[PDB]
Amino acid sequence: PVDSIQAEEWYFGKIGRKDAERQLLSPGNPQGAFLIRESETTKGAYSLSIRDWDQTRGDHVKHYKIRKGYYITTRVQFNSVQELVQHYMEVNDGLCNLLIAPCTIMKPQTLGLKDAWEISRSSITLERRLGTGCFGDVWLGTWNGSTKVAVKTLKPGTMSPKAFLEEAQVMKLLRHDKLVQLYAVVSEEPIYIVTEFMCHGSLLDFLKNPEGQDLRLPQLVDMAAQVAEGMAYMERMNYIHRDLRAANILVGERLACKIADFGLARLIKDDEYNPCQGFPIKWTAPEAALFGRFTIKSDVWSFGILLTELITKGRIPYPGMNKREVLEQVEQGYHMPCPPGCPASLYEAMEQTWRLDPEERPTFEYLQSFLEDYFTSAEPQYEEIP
């Protein structure tokens, strides 16, 4: 609609508490940036998250509870949430700060010419080569000197411009805060694919670094919920990853995980990505490795293997078994035991993602909701009187 609350700039739907903090503390957001999100109690309850500043906490986010007219304090109540937001945007009446502007993830401005992603190569400056490959490099660079970006380049003569840019075409359609955001392209040789920059790089490297080794259990589960949130989006868009693994997850600031993929030249058919044509054995579901049945349910098997990498901080799956032993044992019903330090409840979700019947595996919508509400315990049974 046009008057509904969902159409407002500051309404962010049903995003996690940690996700609201990460987007509010992202660059470009002033002190007093806010958003309205749905809480965990019910669907009719809301929460207000504001970007504040203390000299002890630094730049942090304060969260207020909106319940039911709608109100934050019992003194002042309103008809709708939009009137509550309008009031606290005009009068700092008890809040930690006056509501200034809605939360915006500041993506840079392109040329605006109709390929809205085309930019002049003068605006991109390559700084450091992050990786090399048969078809091109991955660079760390800057766009207009300020914002840091990552650029995928195309080595001439190794790949057609259309087959290389097909990755950019797919990334235009897949737009989500838990997927790598495409920023811009340069369609003349040498071809550029400019995206957001995830400063910590691969999740597998991040887990094996000194910072990742000191990660607690609630932090690992939050990163797992983000990966499931990203795949739940691909589930809604009828896309599949085919290569879901910890090495294909990029980690940014405040443990912000995003879905990524590398080496897409094996999946090119007719300037399109066909997943069923010829993979990592220990991550692909057994029905995909033997019969080529690549579906979103095979990515759920991959996500279960990814959970073992997270809960063990980067351990190889199926230790001591070669690539041939795993495929024979998996078809005999074998899967990995409960990893060291993994709770029983989480290992139950892993076993569900490893059921040999792909249609009996959980959906990513359930996995996201499970991992997001993994530490929020159940409310006690109380009899509601009419």
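So that there is no doubt, residue numbering starts at 1 and follows the sequence shown.
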{"property": "Size class of the missing deposited segment between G278 and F279", "result": "1 to 3"}
{"property": "Where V91 meets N92 in the shown sequence, the number of deposited residues left unmodelled", "result": "none"}
{"property": "Selected stretch [higher average CA B-factor]: 333 to 341 or 38 to 46", "result": "38 to 46"}
{"property": "267 to 275 versus 96 to 104 - greater average Cα B-factor per the deposited record", "result": "267 to 275"}
{"property": "Top Cα B factor in the deposited entry, candidates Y239, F303, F78, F164", "result": "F78"}
{"property": "Among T284, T153, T74, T158 - the residue whose C-alpha B-factor is largest in the record", "result": "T74"}
{"property": "Third assignment of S187 from its chain's C-alpha B-factors", "result": "middle"}
{"property": "CA B-factor placement of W117, once the chain's modelled residues are sorted into thirds", "result": "highest"}
{"property": "Chain third (lowest, middle, highest) by recorded CA B-factor, residue given as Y233", "result": "middle"}
{"property": "Relative C-alpha B-factor of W139, binned into the chain's lowest, middle or highest third", "result": "lowest"}
{"property": "Among modelled residues of the same chain, the CA temperature factor third for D19", "result": "middle"}
